[PDB]
Structures are given as structure tokens and as C-alpha cells.
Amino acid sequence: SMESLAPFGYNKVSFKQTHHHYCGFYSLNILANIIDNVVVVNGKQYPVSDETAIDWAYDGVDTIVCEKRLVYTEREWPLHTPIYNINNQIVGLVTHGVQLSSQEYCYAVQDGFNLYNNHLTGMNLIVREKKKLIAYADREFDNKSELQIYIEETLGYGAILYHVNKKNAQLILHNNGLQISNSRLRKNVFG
């Protein structure tokens, strides 16, 4: 391919046959890891924190879920900028960050294949704050008794990433109203 690293896009779905799925972009080759907790963006070094958080990226059919390392900056990173390690090897492409304050930003950088990853097929992940005690399929319940009623009373696959104040990431997959899996990742959620 002529496009080595290509950000996700609806019209780039043919890249799934030729490129690896990173969280937010396709890559022709396996990318390098972060070395000594530093990333290099536009010629400036940025220390990488010890914090991680769950990020996600829809590519038009699948959702890539990835535990990424958090990088706190005092400067905005333009989207799709290449990220290098201190050995001048490309680590990835800049994805969407968050502006903490007027002069504060936080970006999430995937560190190769070192951390949690989940490739969800044919599902557009929904992220929402947990409002009740129990989450099950695409519904929420106050107690087990309300849950048993729904199960006995009960289209398409779905994926929901739950959090409470960006904490305790909880990923639920469901199909036709039935629960498939309920994974408590014990990680923060980025955003």
C-alpha cells in the first residue's frame, strides 16, 4: 500500500484487508513501542504519565477498544500528526484529545500491543454513564428482581461501555435483547 498509516474513515474500509487495526488508524506494519516513557510529536519530547484509560474508535463497521497511555501537554496536538519514540520510530498517529483547561491538554497514545485491546465486530460502541446499580444487555435495573422479570419477558448486536464519573469501565455486549458478555475492566475511561 502507498498509505502506511491512515486514520479511520468510512471510505477506507478496504484497508481492513491490508492493514492492521490500531485504535483510530490503520497501519501497514507493526508499529514500535514507547521507549522510556517519552513520545515525540512535531520535534518536541513529551514525558508519558503512568496513567492509562480506555479509548475507542469506530472504523465504520467495527469498534476498536484500547487501553492507552495518557500524555499531559501544555500544547495542542494536530490530529493525524505522526508520533515517534526516542529511537525515531513511528508509534502511531495523533487521535482526538481532551482540553483540560485553557493551557492543558491530555492525549491518549496506544503503546503497541502491550495493553488491553478489544476488537468488536459489526458494532458501533455506545459510551454512557451508569445510572443504576445493575447493567444487563442494553438495559439497566435497580435490583435482581427487576432483572429476572426482564429476562423472563425477553434486534441486532450492540456494545455499551459503561462508566461512573469516567471510572470502572464496564463493557457489555448484547444481541436481540440477550446479554452476551459483561466485562468489568477496572480501568478509567478517556474523554
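The first residue of the sequence shown is number 1, and the count goes up from there.
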What number of residues from the deposited sequence go unmodelled in the gap from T154 to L155, classed as none, 1 to 3, 4 to 9, or 10 or more?
4 to 9
For the higher mean C-alpha B factor in the entry, choose 84-92 or 114-122.
84-92
Determine, for stretches 20-28 and 172-180, which one has the higher mean CA B-factor as deposited.
172-180
Highest recorded Cα temperature factor - choice among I64, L147, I54, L70
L147
Taking only the Cα B-factors deposited for this chain, tell me whether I134 sits in the lowest, middle or highest third.
highest
Temperature factor at the Cα of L79, chain-ranked in thirds, falls in the middle
Compared with the other modelled residues in the chain, in which third is the CA B-factor of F141?
highest
Entry-reported C-alpha B-factor of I160 relative to its chain, by third, is lowest
